[PDB]
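Taking the form deposited in one PDB entry, here's one chain by itself in structure tokens.
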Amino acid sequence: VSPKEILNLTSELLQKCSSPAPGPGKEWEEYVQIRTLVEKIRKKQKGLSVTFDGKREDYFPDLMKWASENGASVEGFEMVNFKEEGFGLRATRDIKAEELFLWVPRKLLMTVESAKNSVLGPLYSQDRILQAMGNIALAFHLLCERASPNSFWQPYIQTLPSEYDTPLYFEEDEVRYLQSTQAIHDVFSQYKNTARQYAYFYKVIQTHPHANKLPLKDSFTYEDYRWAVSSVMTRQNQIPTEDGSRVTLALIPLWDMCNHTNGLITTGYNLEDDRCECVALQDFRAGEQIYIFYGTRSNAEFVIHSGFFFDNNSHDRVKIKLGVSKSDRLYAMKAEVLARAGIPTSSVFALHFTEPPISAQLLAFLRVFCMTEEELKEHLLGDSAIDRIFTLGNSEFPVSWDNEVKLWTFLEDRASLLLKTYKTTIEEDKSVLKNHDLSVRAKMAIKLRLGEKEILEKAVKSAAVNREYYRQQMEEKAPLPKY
């Protein structure tokens, strides 16, 4: 209850979350330690500082009227609470693919520039974090306008969600499902970043004179900050500045009520009319939900930054770290070949679930990684050296049959090795999903760890297939293709 008590707990929180990384074996333990401090603070606070009297949908009429007054499209769709995605837009007439059905002028947007010109301007002008991080500045812009009853953006803010499914909102046992995955470190970083930021700014707001007129000085809870950054990370957009020279981050009212489906980006910024413009990704008949394609993100990115898991994500991928070792006798030649091909000697590549499993850059890396000294010479010397480097990412022009067989043997072995580092198997994951009754957040975590393994399992099978094809080419003494 005591103001000085919370200031001491946040001081303790700031110190804990500013300490260096503990080492990957100690990150789960540090995670629980930070969760313990945050939850103690949160349980001593009163939740969201500003709550509204009516239901969420009570405010959609005001948003439409406010958008209409400032030149946005307001006809042809309605807001509906869908079970799968939450609230979304639904067509009230037939909308044809490529029809411009949605447009939002810049004056309705919340941007880093509107942050600078608002009540947050003075604090923004002197705080090193706000000036450097538009995403955080937009989170505080959103909180300041939320706690301002005469704010121009109130019709937008009163329609925002009150809760999200970012991992910031998960229970400890819900995140525990992700132990041993690739994704869980970023869950840890998100939680530590948010806790450090809340404690830092809580102290800044309570002492800095450029914050004496901010509504947050009277009340700024951890729940406030968790809501604000989750609002920004699930909804923010990059748009050009008015003069088109630079980019900024923005919240786009009305348009950000659309939920995600597979497809192509059909929203662009119209600089001439100074407005966001969305054209229909597909035909939407009257009564069908209107979807857009958010972007080619992985399910790890959708879970951690967008708060949902997308079934049948055609762009799902996992990471695979690979590098030429300096203990390799051919390190110098491989490094130079990679360099001439625009590829680092060590990098984080992706494995994809859809065809093809490996990108051009990863194929080229794997070919060089397995090259003999004579092959490397052919890529460094003579009048065809540059032509050979030009084709290194092309699956149709192998270096040699033996090179392919070695690289697909390596990828199969490494993908198999990675699979064995997970604390569960794929069949075990499918059994948990089939035989246990799980919350939405729990299923997101289990489906994420399942997806990582299914991508590695598909890489193992594809590499086995490819290895056999090129071994057959070898034994058949087939003529190597030439470009």
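We call the rigid core the largest set of C-alpha positions that still match within 1.5 Å between the two forms. We number the residues from 1 along the sequence you see.
Keep in mind that the form deposited in another entry is missing from the display, and what follows is about it.
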Listing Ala360, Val80, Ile265, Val74 as candidates, which single one shows a C-alpha movement of 2 Å or greater between this form and the one not shown when the core is held fixed? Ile265
Rigid core aligned, does the Cα position of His436 differ by 2 Å or more between this form and the one not shown? yes
Aligning on the core only, does the CA of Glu12 end up 2 angstroms or more away between this form and the one not shown? yes
Does the distance between the two CA positions of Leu351 reach 2 Å or more between this form and the one not shown, the core being superposed? no
Cα of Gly86 vs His436, shift of 3 Å or more in that other deposited form, relative to this form: the pair sits closer
Flagged pair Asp256/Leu281: C-alpha distance shifts by 3 angstroms or more in that other deposited form. Which direction, closer or farther? farther
